[PDB]
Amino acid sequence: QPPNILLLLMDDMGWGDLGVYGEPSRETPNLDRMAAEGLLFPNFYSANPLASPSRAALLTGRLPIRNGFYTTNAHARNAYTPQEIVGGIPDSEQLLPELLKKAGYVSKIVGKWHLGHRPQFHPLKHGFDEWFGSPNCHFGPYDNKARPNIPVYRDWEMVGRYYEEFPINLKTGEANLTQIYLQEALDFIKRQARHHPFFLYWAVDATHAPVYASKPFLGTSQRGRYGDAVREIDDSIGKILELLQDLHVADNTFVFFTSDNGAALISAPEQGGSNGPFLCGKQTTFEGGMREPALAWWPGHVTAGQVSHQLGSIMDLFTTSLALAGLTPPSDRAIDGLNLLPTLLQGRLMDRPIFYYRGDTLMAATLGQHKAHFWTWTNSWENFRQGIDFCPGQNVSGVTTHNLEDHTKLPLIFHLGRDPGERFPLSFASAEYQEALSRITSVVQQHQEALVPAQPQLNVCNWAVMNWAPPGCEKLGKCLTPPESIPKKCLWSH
């Protein structure tokens, strides 16, 4: 029997958020114990500076420019799947839970989907057998006229809406959702163990603004409300790992912990995390925006308490999971995700590139110790003056710019080992620069020459496609009348 696969994907948790990663308050004892019992990656990356594209990248093993999860409305624009998005995960894309049933896996998603809320994009049409969670974020409350409250699903149908059946108290921070998500995880593990190999995709979002926690966790953290949620998630993960040992299935269960993008610094200090020593955060292709905590745990197989400097990608979880299943990735398409099993089980290292996209633009690329920025951007001057700062307290001259800066002729290159905070660009005249420039540009142009970008899914929005009347609304008496509208170009970043 192939090993069970458990993917713990956090929302907006940064590289500096775990005790073992250097968080000063040391409030993640369970994750620290996971690290001590497994392998830790200090050089691990997501696939985009925000939620939806990274989640799509995880589930396809493919960059958002291949899987369609980007916009072309303007250059280097972050896009995702809000309630009004017309597109979503195309039928042409092959998702991990779809492929895993070739080895008899039963798959469940717990938490946030973000690959499209419309009927054709439902997770149960894309490989998952079970679902408890929302297709969208947990923002609200809405007035149900300008936009509807966001639905929570069980499998095919909604069981309620956020701020209705699923209360989130914005004054106090109280919500029971992480406890519900935990119980959904445990119930599924118990039902599947010694019956079918299982894949659990545990995509919680308590750490995404507005942040929440169950009452016993509120006010327990030295990091305010954000820390409260982290302690609750850490505790929950502890109980998940304990269940696997109690059912004597731990040694046949591979568990990976990571996050979908960097800490949301616009929400710091009370509602957002830390990116440790790294520059900026969510929305940017600086290290703080795409470098993530990443732990692997598989007792009797992954040697305990080790560290690997393998350049890792969230997309590698696709290809690695297939390898654990005894399966092969699709052969009719580019697959960016690499098989990490030699790294995980034998301590091997693979010389691979990490490409950093923002929308339609390859902003940066890392090979070995070096990173070249072909483009730089934080956010526009207009947004910055309105108080939106992606890099609070931070300013690196000619690097953190409010204009989309074209460095394609002379890439800004950093040595990440010597300069994790991207503070000191290499001299253009140096031998080290020339070597790095030729090595990285070679790999980038090979990538681009082989790339035929997918059509963008995130260009079009429609007021009428919001969650007015999700399936299951009728019986609950919760259907809302949609407004009259036409599809139109989404307005990004504003």
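Sequential numbering from 1, following the sequence displayed.
Query - Mean temperature factor over C-alpha atoms, higher-scoring stretch between 433-441 and 66-74 - result: In the deposited entry, the stretch with the higher C-alpha B-factor mean is 433-441.
Query raised in the report: Can you tell me which stretch has the higher mean Cα B-factor, 420-428 or 306-314?
Result: Higher mean C-alpha B-factor in the PDB entry: 420-428.
Query - 274, 319, 397, 283, ranked by C-alpha B-factor: the highest one - result: Of the options given, 397 has the highest CA B-factor in the PDB entry.
**Report entry** Selection from 180, 327, 237, 110 [criterion: highest C-alpha temperature factor in the record]
**Finding:** Among 180, 327, 237, 110, the PDB entry lists the largest C-alpha B-factor for 327.
Requested in this report: Classify residue 8 as lowest, middle or highest third according to the C-alpha B-factor given in the PDB entry, relative to its own chain.
Outcome: Lowest third - that is where residue 8 ends up once the chain's C-alpha B-factors are sorted.
Report task. Taking the values exactly as deposited, rank residue 360 by C-alpha B-factor within its chain and report the matching third: lowest, middle or highest. Result -> It falls in the bottom third of the chain.
Query - Entry-reported Cα temperature factor of residue 349, expressed as the chain third it lands in - result: Highest third.
Requested in this report: Could you tell me which third, lowest, middle or highest, the C-alpha B-factor of residue 35 occupies within its chain?
Outcome: Middle third of the chain for residue 35's C-alpha B-factor.
Requested in this report: Name the third of the chain's ranked CA B-factors that contains residue 151, choosing lowest, middle or highest.
Outcome: Tercile = middle for this residue's CA B-factor.
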